[PDB]
Number of protein chains: 4
Amino acid sequence: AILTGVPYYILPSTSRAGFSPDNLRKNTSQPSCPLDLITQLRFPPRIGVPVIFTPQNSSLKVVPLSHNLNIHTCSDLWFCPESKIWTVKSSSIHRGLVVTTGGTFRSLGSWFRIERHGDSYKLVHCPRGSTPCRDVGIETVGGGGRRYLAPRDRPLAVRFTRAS
Amino acid sequence: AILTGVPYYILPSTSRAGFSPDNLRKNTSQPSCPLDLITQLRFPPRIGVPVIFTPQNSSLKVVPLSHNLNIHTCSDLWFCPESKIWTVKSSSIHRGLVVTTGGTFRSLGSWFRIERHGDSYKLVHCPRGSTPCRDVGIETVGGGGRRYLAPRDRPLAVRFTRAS
Amino acid sequence: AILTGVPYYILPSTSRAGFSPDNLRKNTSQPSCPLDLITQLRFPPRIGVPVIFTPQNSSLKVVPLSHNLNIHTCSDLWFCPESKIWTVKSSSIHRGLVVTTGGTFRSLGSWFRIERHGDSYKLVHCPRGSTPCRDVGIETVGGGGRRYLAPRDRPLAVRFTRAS
Amino acid sequence: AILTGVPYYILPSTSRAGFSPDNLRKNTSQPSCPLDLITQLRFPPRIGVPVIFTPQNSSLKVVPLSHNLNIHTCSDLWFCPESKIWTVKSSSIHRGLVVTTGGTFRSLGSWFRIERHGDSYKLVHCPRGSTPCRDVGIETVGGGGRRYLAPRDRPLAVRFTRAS
Ligand SMILES: *[C@@H]1O[C@H](CO)[C@@H](O[C@@H]2O[C@H](CO)[C@@H](O)[C@H](O)[C@H]2NC(C)=O)[C@H](O[C@@H]2O[C@@H](C)[C@@H](O)[C@@H](O)[C@@H]2O)[C@H]1NC(C)=O
Ligand SMILES: *[C@@H]1O[C@H](CO)[C@@H](O[C@@H]2O[C@H](CO)[C@@H](O)[C@H](O)[C@H]2NC(C)=O)[C@H](O[C@@H]2O[C@@H](C)[C@@H](O)[C@@H](O)[C@@H]2O)[C@H]1NC(C)=O
Ligand SMILES: *[C@@H]1O[C@H](CO)[C@@H](O)[C@H](O)[C@H]1NC(C)=O
Ligand SMILES: *[C@@H]1O[C@H](CO)[C@@H](O)[C@H](O)[C@H]1NC(C)=O
Ligand SMILES: *[C@@H]1O[C@H](CO)[C@@H](O)[C@H](O)[C@H]1NC(C)=O
Ligand SMILES: *[C@@H]1O[C@H](CO)[C@@H](O)[C@H](O)[C@H]1NC(C)=O
Ligand SMILES: *[C@@H]1O[C@H](CO)[C@@H](O)[C@H](O)[C@H]1NC(C)=O
Ligand SMILES: *[C@@H]1O[C@H](CO)[C@@H](O)[C@H](O)[C@H]1NC(C)=O
């Protein structure tokens with residue numbers, strides 16, 4: 001059971017290489033962050049930075065699977081003027097959509113879902129909060145060597161583990 | 001994509017409780033199986049027994065959506081004299097149509113289709129291989145406590161996991 | 001130093017999920033194997049089946065990096081009539097090139113190279129034994145849930161470890 | 001792809017011995033650095049010190065091949081009064097052209113290009129930002145035992161690793 005409002009790390013189902021907003025990797029003040037990607041921490045594999053899920057249905061203590069929710073990074077340090085809230089933006093250099101921070105709670109572009117996938121989970125992003133949704137996977141194109149979460153063809157199988 | 005000929009578990013989109021033909025659940029020799037239902041494994045949830053999809057178009061290597069196919073259970077054990085092939089039968093002791101094994105390849109009553117259902121899928125059954133097709137859902141009436149697949153008004157949203 | 005004629009396991013740089021020719025996964029006699037893929041062993045991660053490198057330059061005891069070589073599976077069991085030797089074939093369902101067994105030593109399509117990539121290695125496949133080469137990576141398209149090695153855009157970072 | 005502004009190690013395509021400006025290798029304050037060479041770290045092999053690429057076209061987010069760019073060392077320590085920017089100087093004590101730091105952004109002598117070299121890459125230097133460009137290779141003459149980058153007839157095949 002995934003709990004509303006409680007911090008979890010998102011990890012690949014088969015690795016301990018977690019994820020962080022880019023601004024937190026760089027760890028310095030930024031004038032702005034027009035495209036703050038969520039990148040994988042790989043050398044060495046590190047747990048990353050937690051997130052919190054907020055179901056569209058405000059009344060729910062347990063996060064429903066396959067239902068609209070918001071995602072935001074849980075971090076007391078933050079080096080962007082923009083929000084911690086996840087969204088999706090278009091990018092030329094990454095040749096399409098990428099997950100980024102700097103969103104807005106309950107906006108049209110803010111909606112993701114957690115869905116079962118094999119014996120674990122996938123994230124999907126749902127434009128306008130409805131189908132058709134797009135799986136969230138790993139991309140490298142335009143990443144210059146790093147891996148970043150993006151709406152993809154192939155979902156990243158993930159699991160959630162409670163933070164600290 | 002679902003590949004023709006390859007075994008997949010059928011699973012509810014939000015659950016880990018999969019499905020087995022009753023005869024395999026009982027695991028004992030049967031004199032006949034006039035109504036071998038596909039029952040859900042719930043206590044505890046278990047992935048069940050895989051199936052294989054065979055499109056009506058035998059050229060097809062990838063199973064298409066919204067086209068006639070057969071389904072059969074993938075199991076080396078089999079405790080009924082009848083086949084592993086899925087079909088639909090009427091049962092007054094279940095007040096209506098039920099999914100069962102014991103069908104025949106390419107027969108009038110053997111045709112199902114996989115369709116999109118929101119962010120995932122559903123199975124429908126197509127009498128004589130034509131529309132109207134009816135959604136396959138979960139029933140309980142006359143299951144002696146067990147839940148089993150049956151054509152009904154509301155579909156069961158499902159996902160597919162390649163076996164393993 | 002990678003030694004000519006000596007068996008190694010190819011592993012991803014950051015996982016213990018190795019690789020096997022499909023025919024060895026199935027472990028039964030096949031009438032033929034028109035497209036025997038090299039698939040990753042993931043549930044649970046397993047070391048896989050070794051390979052042997054044979055440099056184009058027959059005189060060499062140490063495998064040269066960035067030079068033409070052949071690859072063949074090292075296995076006393078074999079369930080295909082075709083060879084253990086790696087090559088690349090076109091596939092419709094996988095939407096392009098895939099690595100397969102069933103090749104021929106020193107043929108035009110038999111040539112791969114091991115090249116340094118970050119702190120480890122990549123495999124590339126070199127049509128006709130010359131540039132331009134294509135990185136070998138992981139693909140899923142048309143794999144029905146499995147991952148298979150294919151000429152790709154993005155290389156799989158790999159390491160080699162001596163077998164048993 | 002190499003991204004403008006992002007740090008990468010330059011590494012020989014088949015080796016782990018990378019490169020550092022001499023002043024960083026010595027790690028001691030210098031009164032001037034008339035010829036701060038880029039020397040290879042060999043005993044043992046070490047990845048060295050990253051550089052950043054800046055295309056002459058400042059619009060460009062991805063570094064293109066065969067176009068004028070500047071290179072500079074990425075280091076917070078710096079022991080020369082001169083800059084981190086790469087250039088080429090004549091040195092009669094090295095019998096000819098050598099790569100050095102201490103250049104100036106966008107100057108006549110500051111232009112290098114990344115070109116394809118077989119299955120990998122090479123750096124060339126372009127006097128006045130035009131052809132003919134000369135290959136950058138490794139020399140040793142007058143290096144007091146050390147190997148250093150220098151324009152020459154034979155290129156050093158290189159690869160690039162994003163820093164880390
Ligand atoms: C379900 O029914 C099967 C009946 O065919 C069982 O297989 C049989 O198991 C016997 C006792 O272990 C064995 O003497 C028989 O040879 C075998 N019959 C066949 C055709 O294989 C099966 O038992 C399981 O599998 C066997 C091979 C052992 O591993 C047992 O420990 C298992 O219980 C029955 N399975 C279950 C889970 O009840
Ligand atoms: C290379 O030169 C640097 C000279 O600036 C060294 O940094 C200096 O290290 C001193 C002794 O540790 C320290 O008191 C100084 O504050 C510091 N200077 C500056 C500007 O940072 C450096 O020494 C290494 O780094 C320091 C911070 C410590 O970690 C030492 O243990 C290191 O040796 C010299 N580095 C090497 C590898 O020689
Ligand atoms: C990162 O940034 C914060 C705030 O600027 C600083 O206090 C902290 O020490 C930094 N370094 C590391 C290694 O976390
Ligand atoms: C929230 O969820 C409950 C139970 O699933 C439901 O009864 C209620 O109507 C939902 N509220 C909204 C606003 O969707
Ligand atoms: C069956 O599928 C093949 C491959 O897509 C197609 O070309 C062929 O026309 C189809 N046959 C029928 C009867 O629909
Ligand atoms: C696989 O196949 C071989 C030869 O047919 C057989 O002898 C072996 O026991 C098989 N099973 C396993 C689990 O390796
Ligand atoms: C094999 O390699 C050696 C050293 O690299 C070389 O001298 C020799 O000419 C090579 N032979 C062939 C046939 O390429
Ligand atoms: C620089 O690159 C941009 C983006 O590709 C291009 O559109 C522009 O025309 C280029 N400018 C010059 C001077 O080449």
# chains A, B, ... in the order shown; residues from 1 in each chain; ligands from 1

$ calpha_fit_and_write --fixed "chain D" --moving "chain A" --output "mmCIF file with C-alpha atoms, in the first residue's frame"
data_model
loop_
_atom_site.group_PDB
_atom_site.id
_atom_site.type_symbol
_atom_site.label_atom_id
_atom_site.label_comp_id
_atom_site.auth_asym_id
_atom_site.auth_seq_id
_atom_site.Cartn_x
_atom_site.Cartn_y
_atom_site.Cartn_z
ATOM 1 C CA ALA A 1 25.924 13.378 -28.907
ATOM 2 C CA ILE A 2 28.480 15.721 -27.381
ATOM 3 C CA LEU A 3 26.821 18.510 -25.334
ATOM 4 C CA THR A 4 27.967 22.143 -25.373
ATOM 5 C CA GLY A 5 29.141 23.472 -22.018
ATOM 6 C CA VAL A 6 29.190 20.027 -20.371
ATOM 7 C CA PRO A 7 32.445 18.537 -18.935
ATOM 8 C CA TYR A 8 33.986 15.440 -20.589
ATOM 9 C CA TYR A 9 37.199 13.467 -20.193
ATOM 10 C CA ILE A 10 39.120 12.939 -23.399
ATOM 11 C CA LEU A 11 40.451 9.342 -23.380
ATOM 12 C CA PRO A 12 42.383 7.336 -25.982
ATOM 13 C CA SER A 13 39.891 4.984 -27.666
ATOM 14 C CA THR A 14 41.644 1.933 -26.293
ATOM 15 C CA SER A 15 43.086 3.012 -22.954
ATOM 16 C CA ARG A 16 42.072 4.684 -19.692
ATOM 17 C CA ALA A 17 45.206 6.863 -19.650
ATOM 18 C CA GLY A 18 43.736 10.362 -19.814
ATOM 19 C CA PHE A 19 45.228 13.858 -19.956
ATOM 20 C CA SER A 20 45.980 16.837 -17.761
ATOM 21 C CA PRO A 21 47.469 20.331 -18.198
ATOM 22 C CA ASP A 22 51.019 20.133 -16.834
ATOM 23 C CA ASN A 23 50.359 22.782 -14.192
ATOM 24 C CA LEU A 24 47.733 20.536 -12.617
ATOM 25 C CA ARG A 25 50.140 17.570 -12.582
ATOM 26 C CA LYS A 26 52.747 19.643 -10.675
ATOM 27 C CA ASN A 27 50.055 20.906 -8.306
ATOM 28 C CA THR A 28 51.970 24.003 -7.192
ATOM 29 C CA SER A 29 51.744 27.761 -7.810
ATOM 30 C CA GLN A 30 53.650 28.939 -10.874
ATOM 31 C CA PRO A 31 54.952 32.476 -11.608
ATOM 32 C CA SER A 32 53.843 31.934 -15.207
ATOM 33 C CA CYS A 33 53.271 29.107 -17.630
ATOM 34 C CA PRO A 34 54.672 30.093 -21.037
ATOM 35 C CA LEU A 35 54.027 26.543 -22.383
ATOM 36 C CA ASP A 36 51.482 24.570 -20.302
ATOM 37 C CA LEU A 37 51.331 21.222 -22.208
ATOM 38 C CA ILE A 38 48.577 18.644 -22.087
ATOM 39 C CA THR A 39 50.301 15.461 -20.931
ATOM 40 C CA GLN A 40 49.101 11.898 -20.667
ATOM 41 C CA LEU A 41 48.666 10.280 -17.237
ATOM 42 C CA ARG A 42 50.235 6.831 -17.646
ATOM 43 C CA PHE A 43 51.680 5.375 -14.397
ATOM 44 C CA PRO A 44 49.178 4.169 -13.456
ATOM 45 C CA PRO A 45 46.633 5.173 -16.137
ATOM 46 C CA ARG A 46 44.440 7.908 -14.624
ATOM 47 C CA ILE A 47 41.244 9.509 -16.064
ATOM 48 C CA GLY A 48 42.763 13.002 -16.073
ATOM 49 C CA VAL A 49 41.022 16.377 -15.951
ATOM 50 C CA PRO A 50 37.830 17.217 -17.877
ATOM 51 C CA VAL A 51 37.329 19.689 -20.705
ATOM 52 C CA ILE A 52 34.366 21.683 -21.989
ATOM 53 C CA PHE A 53 33.580 22.260 -25.675
ATOM 54 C CA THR A 54 32.220 25.585 -26.945
ATOM 55 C CA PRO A 55 31.130 25.599 -30.607
ATOM 56 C CA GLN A 56 31.932 28.717 -32.635
ATOM 57 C CA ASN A 57 28.200 28.775 -33.333
ATOM 58 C CA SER A 58 26.964 30.066 -29.988
ATOM 59 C CA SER A 59 23.404 28.989 -30.732
ATOM 60 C CA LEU A 60 24.139 25.209 -30.531
ATOM 61 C CA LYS A 61 23.266 22.918 -27.577
ATOM 62 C CA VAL A 62 24.879 19.889 -29.264
ATOM 63 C CA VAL A 63 28.515 20.139 -30.400
ATOM 64 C CA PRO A 64 28.615 19.728 -34.237
ATOM 65 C CA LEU A 65 31.276 17.338 -35.605
ATOM 66 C CA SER A 66 33.745 18.764 -38.074
ATOM 67 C CA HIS A 67 32.951 22.348 -36.964
ATOM 68 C CA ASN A 68 35.074 25.012 -35.232
ATOM 69 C CA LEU A 69 34.938 24.888 -31.423
ATOM 70 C CA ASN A 70 36.951 25.990 -28.397
ATOM 71 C CA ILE A 71 38.242 23.679 -25.736
ATOM 72 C CA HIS A 72 38.949 24.628 -22.111
ATOM 73 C CA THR A 73 39.968 22.712 -19.038
ATOM 74 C CA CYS A 74 37.310 22.302 -16.323
ATOM 75 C CA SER A 75 39.076 22.553 -12.965
ATOM 76 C CA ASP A 76 38.546 24.612 -9.819
ATOM 77 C CA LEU A 77 42.269 24.384 -9.003
ATOM 78 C CA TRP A 78 44.528 26.309 -11.351
ATOM 79 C CA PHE A 79 48.219 27.104 -10.730
ATOM 80 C CA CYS A 80 48.957 29.324 -13.771
ATOM 81 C CA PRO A 81 48.085 32.991 -14.080
ATOM 82 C CA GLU A 82 47.089 32.285 -17.762
ATOM 83 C CA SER A 83 43.709 30.922 -18.925
ATOM 84 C CA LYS A 84 42.349 27.296 -19.018
ATOM 85 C CA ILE A 85 41.601 27.663 -22.736
ATOM 86 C CA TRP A 86 43.374 25.418 -25.251
ATOM 87 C CA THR A 87 45.536 26.706 -28.061
ATOM 88 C CA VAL A 88 48.657 25.771 -30.025
ATOM 89 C CA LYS A 89 52.152 27.270 -29.618
ATOM 90 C CA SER A 90 55.540 26.858 -31.365
ATOM 91 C CA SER A 91 58.263 25.175 -29.313
ATOM 92 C CA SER A 92 61.976 24.690 -30.144
ATOM 93 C CA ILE A 93 62.586 21.811 -27.713
ATOM 94 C CA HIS A 94 59.469 19.945 -28.928
ATOM 95 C CA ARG A 95 60.582 20.719 -32.546
ATOM 96 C CA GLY A 96 57.350 22.420 -33.605
ATOM 97 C CA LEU A 97 53.726 22.907 -32.602
ATOM 98 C CA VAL A 98 52.250 21.678 -29.266
ATOM 99 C CA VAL A 99 48.791 22.011 -27.703
ATOM 100 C CA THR A 100 48.870 24.199 -24.601
ATOM 101 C CA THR A 101 46.541 26.013 -22.271
ATOM 102 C CA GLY A 102 46.663 29.816 -21.776
ATOM 103 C CA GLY A 103 44.623 30.647 -24.868
ATOM 104 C CA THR A 104 41.827 33.142 -25.462
ATOM 105 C CA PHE A 105 38.233 32.370 -26.344
ATOM 106 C CA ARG A 106 37.414 32.823 -30.057
ATOM 107 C CA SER A 107 40.918 33.909 -31.022
ATOM 108 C CA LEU A 108 42.438 32.951 -34.390
ATOM 109 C CA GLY A 109 44.594 30.247 -32.794
ATOM 110 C CA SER A 110 41.793 28.856 -30.550
ATOM 111 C CA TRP A 111 40.010 26.672 -33.082
ATOM 112 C CA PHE A 112 39.774 22.861 -32.887
ATOM 113 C CA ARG A 113 37.247 20.297 -34.282
ATOM 114 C CA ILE A 114 36.065 16.870 -33.246
ATOM 115 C CA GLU A 115 35.900 14.554 -36.288
ATOM 116 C CA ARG A 116 34.865 10.862 -36.609
ATOM 117 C CA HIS A 117 37.830 8.527 -37.025
ATOM 118 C CA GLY A 118 37.198 4.789 -37.396
ATOM 119 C CA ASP A 119 34.600 3.971 -34.766
ATOM 120 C CA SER A 120 35.607 6.879 -32.589
ATOM 121 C CA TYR A 121 36.990 10.414 -32.875
ATOM 122 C CA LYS A 122 40.045 12.601 -33.455
ATOM 123 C CA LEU A 123 40.789 16.208 -32.493
ATOM 124 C CA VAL A 124 42.169 18.470 -35.163
ATOM 125 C CA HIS A 125 43.485 21.976 -34.788
ATOM 126 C CA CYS A 126 42.520 24.515 -37.445
ATOM 127 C CA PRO A 127 44.691 27.576 -37.781
ATOM 128 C CA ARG A 128 42.580 30.713 -38.355
ATOM 129 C CA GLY A 129 39.450 28.509 -37.980
ATOM 130 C CA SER A 130 39.767 27.062 -41.481
ATOM 131 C CA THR A 131 41.347 24.241 -43.460
ATOM 132 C CA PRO A 132 43.866 22.864 -43.817
ATOM 133 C CA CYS A 133 43.658 21.436 -40.327
ATOM 134 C CA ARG A 134 46.239 19.362 -38.441
ATOM 135 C CA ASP A 135 45.460 16.138 -36.562
ATOM 136 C CA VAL A 136 46.179 16.168 -32.835
ATOM 137 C CA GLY A 137 48.324 13.245 -31.838
ATOM 138 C CA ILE A 138 50.811 12.185 -29.233
ATOM 139 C CA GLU A 139 54.446 13.399 -29.367
ATOM 140 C CA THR A 140 57.513 12.591 -27.207
ATOM 141 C CA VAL A 141 60.317 14.659 -28.798
ATOM 142 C CA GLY A 142 61.688 17.145 -26.226
ATOM 143 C CA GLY A 143 59.264 15.698 -23.648
ATOM 144 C CA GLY A 144 62.070 14.153 -21.559
ATOM 145 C CA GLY A 145 60.019 10.960 -21.055
ATOM 146 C CA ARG A 146 56.463 12.333 -20.992
ATOM 147 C CA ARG A 147 53.859 12.259 -23.779
ATOM 148 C CA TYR A 148 52.169 15.493 -24.820
ATOM 149 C CA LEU A 149 49.385 16.323 -27.303
ATOM 150 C CA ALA A 150 50.623 18.080 -30.469
ATOM 151 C CA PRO A 151 49.592 18.762 -33.991
ATOM 152 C CA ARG A 152 50.963 15.632 -35.641
ATOM 153 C CA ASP A 153 51.092 13.496 -38.635
ATOM 154 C CA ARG A 154 49.190 10.617 -36.971
ATOM 155 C CA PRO A 155 45.932 11.406 -35.053
ATOM 156 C CA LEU A 156 45.341 10.014 -31.591
ATOM 157 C CA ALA A 157 42.021 8.074 -31.815
ATOM 158 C CA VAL A 158 39.915 9.430 -28.856
ATOM 159 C CA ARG A 159 36.576 9.072 -27.109
ATOM 160 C CA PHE A 160 34.693 11.360 -24.718
ATOM 161 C CA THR A 161 33.116 10.366 -21.482
ATOM 162 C CA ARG A 162 31.062 12.581 -19.210
ATOM 163 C CA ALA A 163 32.676 13.881 -15.951
ATOM 164 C CA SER A 164 32.781 13.497 -12.804
#

$ select_by_dssp --residues "chain B" --states "strand (DSSP E or B)" --output "number ranges by chain"
B: 3, 7-12, 19-21, 37-40, 42, 45, 48, 51-55, 62, 69-73, 85, 87-91, 96-100, 112-117, 120-125, 134-139, 148-151, 158-162

$ decode --residues "segment 103-121 of chain A" --atoms "N, CA, C and O atoms" --output "mmCIF file, in the first residue's frame"
data_model
loop_
_atom_site.group_PDB
_atom_site.id
_atom_site.type_symbol
_atom_site.label_atom_id
_atom_site.label_comp_id
_atom_site.auth_asym_id
_atom_site.auth_seq_id
_atom_site.Cartn_x
_atom_site.Cartn_y
_atom_site.Cartn_z
ATOM 1 N N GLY A 103 6.502 22.086 -12.033
ATOM 2 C CA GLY A 103 5.077 22.075 -12.294
ATOM 3 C C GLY A 103 4.202 22.836 -11.311
ATOM 4 O O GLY A 103 4.675 23.605 -10.468
ATOM 5 N N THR A 104 2.908 22.552 -11.395
ATOM 6 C CA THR A 104 1.894 23.234 -10.584
ATOM 7 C C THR A 104 0.893 22.208 -10.145
ATOM 8 O O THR A 104 0.431 21.418 -10.963
ATOM 9 N N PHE A 105 0.583 22.170 -8.847
ATOM 10 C CA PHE A 105 -0.372 21.186 -8.355
ATOM 11 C C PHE A 105 -1.693 21.279 -9.151
ATOM 12 O O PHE A 105 -2.186 22.375 -9.430
ATOM 13 N N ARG A 106 -2.221 20.110 -9.534
ATOM 14 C CA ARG A 106 -3.537 19.923 -10.102
ATOM 15 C C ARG A 106 -3.696 20.571 -11.453
ATOM 16 O O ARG A 106 -4.809 20.718 -11.934
ATOM 17 N N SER A 107 -2.592 20.934 -12.092
ATOM 18 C CA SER A 107 -2.708 21.512 -13.444
ATOM 19 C C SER A 107 -2.993 20.395 -14.445
ATOM 20 O O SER A 107 -2.827 19.208 -14.159
ATOM 21 N N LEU A 108 -3.391 20.790 -15.651
ATOM 22 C CA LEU A 108 -3.636 19.815 -16.736
ATOM 23 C C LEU A 108 -2.455 18.909 -17.071
ATOM 24 O O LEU A 108 -2.648 17.718 -17.389
ATOM 25 N N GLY A 109 -1.237 19.457 -17.020
ATOM 26 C CA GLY A 109 -0.048 18.672 -17.309
ATOM 27 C C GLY A 109 0.561 17.939 -16.107
ATOM 28 O O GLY A 109 1.592 17.301 -16.253
ATOM 29 N N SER A 110 -0.054 18.045 -14.935
ATOM 30 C CA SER A 110 0.524 17.509 -13.684
ATOM 31 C C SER A 110 0.214 16.033 -13.408
ATOM 32 O O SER A 110 0.744 15.460 -12.432
ATOM 33 N N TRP A 111 -0.603 15.397 -14.244
ATOM 34 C CA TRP A 111 -1.138 14.109 -13.866
ATOM 35 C C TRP A 111 -0.341 12.865 -14.224
ATOM 36 O O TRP A 111 -0.124 12.605 -15.355
ATOM 37 N N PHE A 112 0.083 12.087 -13.230
ATOM 38 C CA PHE A 112 0.682 10.771 -13.458
ATOM 39 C C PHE A 112 -0.153 9.674 -12.767
ATOM 40 O O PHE A 112 -1.079 9.979 -12.021
ATOM 41 N N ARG A 113 0.154 8.400 -13.053
ATOM 42 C CA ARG A 113 -0.462 7.260 -12.332
ATOM 43 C C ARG A 113 0.576 6.202 -12.033
ATOM 44 O O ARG A 113 1.632 6.139 -12.721
ATOM 45 N N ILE A 114 0.381 5.440 -10.979
ATOM 46 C CA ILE A 114 1.199 4.311 -10.670
ATOM 47 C C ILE A 114 0.333 3.134 -11.128
ATOM 48 O O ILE A 114 -0.831 3.056 -10.774
ATOM 49 N N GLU A 115 0.913 2.270 -11.938
ATOM 50 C CA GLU A 115 0.180 1.064 -12.419
ATOM 51 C C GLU A 115 1.007 -0.195 -12.219
ATOM 52 O O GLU A 115 2.219 -0.129 -12.337
ATOM 53 N N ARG A 116 0.372 -1.335 -11.916
ATOM 54 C CA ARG A 116 1.144 -2.598 -11.728
ATOM 55 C C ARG A 116 1.781 -2.980 -13.050
ATOM 56 O O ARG A 116 1.216 -2.714 -14.117
ATOM 57 N N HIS A 117 2.972 -3.559 -12.997
ATOM 58 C CA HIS A 117 3.671 -3.955 -14.215
ATOM 59 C C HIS A 117 4.546 -5.138 -13.796
ATOM 60 O O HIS A 117 5.414 -4.994 -12.949
ATOM 61 N N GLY A 118 4.249 -6.316 -14.334
ATOM 62 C CA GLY A 118 4.851 -7.559 -13.865
ATOM 63 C C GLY A 118 4.644 -7.670 -12.357
ATOM 64 O O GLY A 118 3.560 -7.380 -11.844
ATOM 65 N N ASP A 119 5.679 -8.036 -11.622
ATOM 66 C CA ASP A 119 5.523 -8.013 -10.167
ATOM 67 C C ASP A 119 5.865 -6.690 -9.492
ATOM 68 O O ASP A 119 6.004 -6.624 -8.279
ATOM 69 N N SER A 120 5.982 -5.632 -10.268
ATOM 70 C CA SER A 120 6.160 -4.336 -9.634
ATOM 71 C C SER A 120 5.309 -3.292 -10.295
ATOM 72 O O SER A 120 4.123 -3.557 -10.564
ATOM 73 N N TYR A 121 5.872 -2.104 -10.530
ATOM 74 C CA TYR A 121 5.064 -0.947 -10.974
ATOM 75 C C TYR A 121 5.660 -0.216 -12.158
ATOM 76 O O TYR A 121 6.822 -0.458 -12.510
#
